[PDB]
Amino acid sequence: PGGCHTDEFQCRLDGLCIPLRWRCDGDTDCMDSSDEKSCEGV
Ligand SMILES: [Ca+2]
């Protein structure tokens, strides 16, 4: 399963799929944090 839906994100803790537009916002749509535990800035 090399993806979910359009450029969406998959979390290796659990397996869920999240709307990847929300990988750099500071709150966490995945079952952990991996949205943005790697999307720093300034
Ligand atoms: Ca998020």
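Every residue number used here counts from 1 along the chain in the order it is shown.
Using the three backbone atoms N, Cα and C, a Cβ is placed for every residue, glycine included.
The Ca(2+) 3 binding site annotation in Swiss-Prot covers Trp22, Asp25, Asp27, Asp29, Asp35, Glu36. In the three-state DSSP scheme, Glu36 (Ca(2+) 3 binding site) is classed as coil.
Residues or ranges marked as disulfide bond by Swiss-Prot: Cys4-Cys17 (among others). Cβ neighbours within 10 Å of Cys4 (disulfide bond), excluding its own Cβ and spanning all shown chains: 15.
Using a 10 Å radius centred on the Cβ of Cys30 (disulfide bond) and all shown protein chains, the other Cβ atoms total 20. What Swiss-Prot records for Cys11-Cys30 (among others) is disulfide bond.
Taken from Swiss-Prot, the feature disulfide bond applies to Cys24-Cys39 (among others).
Sequence annotations record features per position, and here Swiss-Prot assigns domain 'LDL-receptor class A 8' to 2-41 based on sequence analysis.
Residue environment of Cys24 (disulfide bond) contains 12 other Cβ atoms, counted within 10 Å of its Cβ in all protein chains.
Filtering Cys4, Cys17, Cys30, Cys39 by Cβ distance to ligand 1 (under 6 A) retains none of these disulfide-bonded residues. Spatially close to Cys39 (disulfide bond) yet at least six residues away along the chain are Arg23, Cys24, judged by Cβ distances under 8 angstroms.
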